[PDB]
Structures are given as C-alpha cells and as structure tokens.
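From the sequence below, what's the structure:
(2 chains)
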Amino acid sequence: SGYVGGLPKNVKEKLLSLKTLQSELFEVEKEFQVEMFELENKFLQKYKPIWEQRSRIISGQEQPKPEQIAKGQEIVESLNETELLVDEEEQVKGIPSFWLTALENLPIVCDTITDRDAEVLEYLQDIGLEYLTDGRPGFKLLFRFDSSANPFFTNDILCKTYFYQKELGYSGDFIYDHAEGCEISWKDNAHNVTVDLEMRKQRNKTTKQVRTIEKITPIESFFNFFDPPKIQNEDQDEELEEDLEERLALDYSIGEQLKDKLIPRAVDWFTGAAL
Amino acid sequence: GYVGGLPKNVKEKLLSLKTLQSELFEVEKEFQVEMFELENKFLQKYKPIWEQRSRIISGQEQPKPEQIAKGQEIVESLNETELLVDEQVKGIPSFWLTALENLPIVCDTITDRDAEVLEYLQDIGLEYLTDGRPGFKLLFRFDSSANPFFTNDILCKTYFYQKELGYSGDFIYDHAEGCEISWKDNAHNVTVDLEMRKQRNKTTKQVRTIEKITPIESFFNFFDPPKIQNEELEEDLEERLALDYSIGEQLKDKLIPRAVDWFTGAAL
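Residues are numbered from 1 along each chain as shown, chains lettered A, B, ... in the order given. Below is the structure:
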C-alpha cells in the first residue's frame, strides 16, 4: 500500500489509464458471460430430451429396447463395471427407489436425508433443471413427486431457485444473490417431516382442569432445502451471522452438487460408480 | 454388492440408461467444443485491449488524457484513493515483476536472482489451441535488447488437455510443453548454480578451466516442466507437476486478466 502511494505523477497516470482499460475489458467479459449463458441454455435444451427419456425408463412408463440393453452391456464391459451384467437364462414397475438410492450416495447431500425423509423420497420420480432464461439469471431445480401415491404432500413439483446477481463478480463470473424455495403442502403435521411434534397431557392440581399440549419443533430434515435461509438484515448479530452463512454455503453447495453431478450422472450415482 | 446380486428386471432397465448416458457424453462433447470456440472467440476481443496495456507499460505509447480522466473517476468510485493525483521516467518499471510478487502461488517461487531477470519482462500473453489438441500457451515477451540473461524474445508454456473428456465431462491436463530458454552465460543462468575452476600447468603453458552446473530452484524452471515419464519418486514428481499446472491457472485466470490490480495489490 505505501509502495503505490509514493509513486510518481508520471506513473500513477500510467496505472490510472490501465485501470481504465480494465473497465473496458470488464465490458467485454460481460458480453462473454451473456453468450456464455445462452449457449449453456441451448445445450440444456438438448440434454433434456434424453433425461425426460430416462425418467420414463425410471417410471416404468416406457420400456427398454433390446437395442439399448445390449448396446448397454457393451458399455458395462467396456468400462469394466460388470455389476450390471445378467446371468444366462431366457417384477416391479420401473426400477425401485431410484432417486432415493441415488441421493443416498452423493457426497454433500447424502449426509442430509434422514430416516423420515427417506420415506418421502421414495415418491420422487425425477429431478429437473432449467436456466432462468428471462429476467435475472439463475437456474431452478425441479422435483416431480407422484401426486397420486405420495402421502406426504399434495405437491406434484417442488422447485428451488438460485438467482445469480446481475452484477458480474470481480473474477468476471456469476455470483449468487439468494435462493428462493418452493414451499411444501404436507397433508398432515404427522406426515410433515420438516417438523417433529411432541405432545404431553398435564393435570392442574389446583383447577382440576386437564389439557394435553401439542408442541411443533422444527427439526433438521432434508426438505428444509426448500425453505432456504433468507438474508436477514443489516441489524447485526454474532455467531448468528457466521452460523447463518455456513448454512447458505451448504444450500448453494447442495444446489451445485445436484445440478453439476447428480442429475448429469444419475445412473452411475444410483449404482455407486461415480463415487 | 448392494446391486450385484439383486433383481434382473432392474439391472435390465439400468443398462438402457447407462446407454442414454453415453448419448449424453456425446452431446456434452459437442458442447465442450462450441464452449471452447466461444472462449477463443472472445480471447480475440481481449488481446487488443490487453495489447494496449502492453504498450502503455513499455512506454511505447502514452496515456490519453481521456483514459487518465476515466481512471481518475473509477479509482475514486472504487474507494482506491491510494492511486490519485491532486494538482521524467519511462513506462511502468518492474510491472510484471511486481504483479507476480503479489500473485499468491507464484511469488513464493521467484528467487532473488530471477527477479533481476523478471525485470526485463514486458508482457504475458494468452492463446488457446485447436491446432490439434486442446490447451493454451502463456507467452512471455522479454525485452530482448536489454536482457543480459538470455537472448530469447519470447519464452512461454503450453498446457495440453487430453483429447477425451473426463467423467465430469470437462478436460483433464495431459502434460505441459516448456518453451525452454537460451541463456548467454552460465553465470547468467538463474536456473542453475555454477562453480568454476582454472588450472594452469607451468611446463605446458596451458590453462584448463572447468565449469560445473548444478540445477537450482528457480522460477524459470516454469519453462522446463515435469514430463510424464521416469514410491518417493512419483509422490514427489507429482506434487510439482501439480504446483506447475496450478501456477499456469494462476497466471491465466488472474494475473493476466487483472494485471493492474495485481500490480497495485487491489487484487488481494
């Protein structure tokens, strides 16, 4: 710091100007990000048709053509996986607990599903992904649950959005802003999960009156991923500014994981390969 | 084994997928291709602006008052007062030297002896590669005319990613190709320590001088990176190989793009 202050008029100006050329550079990096984005969008559009396809293979809604089955062995072998090979010799509907099993392995997340969350995830059919395309850049993760079989919520799709702030980062790339959950509709506080409820009946020696008391306690559950932390305010706190940051990190983190790994390599995440 | 011996109708479905995966692979391939082009596309938009900087640094061109004007603003708007002016010398001396002395992974690698070399460093450039394999080259333009060390004009380094994308669907570093250097005197070669010994034989009238060259730890080794071929050996001849790709990234994604800041410290 002291170094630069003692610089000669001559010099400083030389820098100044450079500081200017940086700004002009910034300008282009901006356009780069844009084209960067759109491109990415474009291709997602291509990845989809495939995924939309595996969903079904996973729903059981559409069956495998021997073409694929065989073509697939050639690939199991070629990768030396084997585990996916069948025995020589001439049940359920669309492969059981797929996405649950998948999620069960995936590094950051897996250490999040809890016995009670498992039960719900069994009714998860697919995990989507879409770029915001319009105003405000970001990407939204979508979860399709079987409205007809799911006992926990009436919800069909549970989305989760991550908005990248419009202003580009120093490094020149996108920086988050905040996440926006897509709130669940449990059909019973008992089938809830996001919460744990204790109930205790107590007598009043004096009034003789009796009442049992229901207490609803927010618990650490996987689905809290749909109620992200909010940017409190500039009120100022302690340990509740570090604690409610390490949580933002984990949110965005988990987000990444799903978007860049789980989704794109589901199959292997189900098996254990990708591990 | 939690799959190995389980159901058939299931494993069957799986396979069908493992295949659709492969259909992904090739679309992610097509992606990474246009992906790469776009980057190169814009690199070409970066050079000119950067080139401008080189000349402003070399002194080969003066700052337009217009440019100084904007800067004045900018710096204030960025709360970087440290670089203003209220009411001799050539282009910025020891620019790239200073910038590197602040660049986190690198600086810890410049020996006292090779700073003096780095004083004749005029510019670090970037270039991508479709000319076969995928990768990029860092070009170091040295002041040929004044450098006492090597008559080389342009040093550099090429980083090569292997043809097949990784599992992650991105590239993996294959190896690097150094741009080597032509020192003009062993005593001037910082990449080496040198002992000397003269020997005069009195009844022969002949002198015999011996110069020994042992490799030293130097920043300029950057241009003589580890080769794929050759316990203890690999665990070590892999840490540097790592540190090396690391440095490149450091120059490519930081030093080069934010030169100024790196010079001043703002980048920190």
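
Counting neighbours, what do you get for the residue nearest to residue A:224 when sequence neighbours are not counted?
In this structure, residue A:224 finds its nearest non-sequential neighbour in residue A:194, 6.1 Å apart by Cβ to Cβ, 6 or more residues apart in numbering or on different chains. All C-beta atoms are positioned from the backbone trio N, CA, C, and that covers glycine. Burial of residue A:194 is recorded as 20 neighbouring residues (other Cβ atoms under 10 Å in any protein chain shown).

dump the residue contacts of residue A:194.
Neighbouring residues of residue A:194 by Cβ atoms under 8 Å, 6 or more residues apart in numbering or on different chains: A:184, A:186, A:218, A:219, A:221, A:223, A:224, A:227.

The residues you listed in strands, which ones?
residue A:218 (DSSP state E).

circling back: tell me the phi and psi of the residue nearest to residue A:224?
Backbone geometry at residue A:194, expressed as degrees, to the nearest 10, gives phi -50, psi -30.

circling back: can you lay out the contacts of residue A:194 as CSV showing neighbour count?
Shown next, in CSV, are these (neighbours: other Cβ atoms under 10 Å in any protein chain shown):
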residue, neighbour count
A:184, 18
A:186, 18
A:218, 10
A:219, 14
A:221, 19
A:223, 23
A:224, 19
A:227, 16
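
In the contacts of residue A:194, find the pair that's most separated.
The two members of the contacts of residue A:194 with the most space between them (Cβ to Cβ) are A:184 and A:219, at 14.2 Å.

Can you identify the element that follows the lengthiest helix in chain A toward the C-terminus?
Determined from DSSP state H, the single longest helix within chain A is helix A:9-59. Proceeding N to C from helix A:9-59, the next assigned helix or strand is helix A:66-79, under DSSP states H and E.

Quickly find the element holding the residue nearest the centre of chain A.
The geometric centre of chain A, computed from its C-alpha atoms, lies nearest to residue A:255 (Cα atoms, centre = their mean), at 3.3 Å. Taking DSSP H and E as the definition, one finds residue A:255 inside helix A:243-256.

likewise residue A:82?
Assigned by DSSP H and E, residue A:82 belongs to no helix or strand.

shouldn't it be in contact with residue A:76?
Yes: at 6.5 Å, residue A:82 counts as touching residue A:76 under the criterion of Cβ atoms under 8 Å.

more neighbours, these two?
When residue A:82 and residue A:76 are compared for neighbours, residue A:76 comes out ahead with 20 against 10, by other Cβ under 10 Å.

Count the neighbours of the nearest residue to that one once chain neighbours are set aside for me.
Using Cβ to Cβ, 6+ apart and skipping residues adjacent in sequence, the residue nearest residue A:76 is residue A:84, 4.3 Å away. Each residue near residue A:84 was counted by other Cβ under 10 Å, and the total is 23.

Next: residue A:209.
Neighbour count of residue A:209, defined by other Cβ under 10 Å: 8.

Which residues are in contact with it?
Applying Cβ under 8 Å, 6+ apart to residue A:209 gives the contacts residue A:203.

measure it to residue A:203 for me?
Between residue A:209 and residue A:203 the distance is 8 Å, computed by Cβ to Cβ, to the nearest Å.

any common contacting residues for these two?
Joint contacts of residue A:209 and residue A:203 (Cβ under 8 Å, 6+ apart) do not exist.

you'd agree residue A:134 is in a helix?
No: counting by DSSP: H, G, I helix; E, B strand; the rest coil, one finds residue A:134 to be coil, located in no helix.

about what we covered before: going by neighbour count, list what's buried in the helix holding residue A:255.
By neighbour count with 16 or more other Cβ atoms under 10 Å in any protein chain shown, helix A:243-256 contains the buried residues A:248, A:251, A:254, A:255.

of all of the stretch 151-275 of chain A, which residue lies closest to chain B?
Among all residues of the stretch 151-275 of chain A, residue A:267 sits closest to chain B, at 4.4 Å; criterion: Cβ to the nearest Cβ.

quick one: contacts for residue A:52?
Here residue A:52 is in contact with no residue (Cβ under 8 Å, 6+ apart).

Next one: it from residue A:62, what distance?
According to Cβ to Cβ, residue A:52 stands 10 Å off from residue A:62.

Kindly report the same for residue A:89.
25 Å.

Between these two, tell me which one has more neighbours.
Taking neighbours as other Cβ under 10 Å, residue A:89 and residue A:62 compare with residue A:62 leading, 14 against 5.

residue contacts, the more buried one?
Residue A:62 makes contacts with A:53, A:56, as judged by Cβ under 8 Å, 6+ apart.

One more: residue A:230?
Neighbour list for residue A:230: residue A:178 [criterion: Cβ under 8 Å, 6+ apart].

where does the stretch 151-275 of chain A come near chain B, residue by residue?
Proximity of the stretch 151-275 of chain A to chain B, by Cβ under 8 Å from any Cβ of the partner chain, involves residues A:170, A:171, A:172, A:264, A:265, A:266, A:267, A:268, A:270, A:271, A:272, A:274.

try 7 Å this time
Contacts of the stretch 151-275 of chain A with chain B, taken as Cβ under 7 Å from any Cβ of the partner chain, map to A:172, A:264, A:267, A:271.

Show me which of these are buried.
Among these, the ones that count as buried (16+ other Cβ under 10 Å) are A:172, A:264, A:267, A:271.

Among these, which are located in strands?
Using DSSP E, no member of these falls within strands.

Skipping its backbone neighbours, what lies nearest residue A:223 in space?
residue A:194 (5.4 Å).

Equivalent analysis for residue A:126, please.
With Cβ to Cβ, 6+ apart, the residue lying closest to residue A:126 is residue A:55, at 4.3 Å.

likewise residue A:274?
residue A:268 (4.0 Å).

Go ahead and confirm the residue nearest to residue A:126 touches residue A:128.
No: Residue A:55 lies out of contact with residue A:128 (Cβ atoms under 7 Å); the separation is 8.8 Å.

Please say which of those two ends up with more neighbours.
Legend: neighbour count by other Cβ under 10 Å for residue A:55 and residue A:128, higher for residue A:55 (20 against 16).

can you list the residues that contact the host helix or strand of residue A:215?
Residue A:215 belongs to strand A:210-218 when assigned by DSSP H and E. With contact meaning Cβ atoms under 7 Å, 6 or more residues apart in numbering or on different chains, strand A:210-218 is reached by A:189, A:194, A:195, A:196, A:197, A:198, A:199, A:200, A:201, A:202, A:203.
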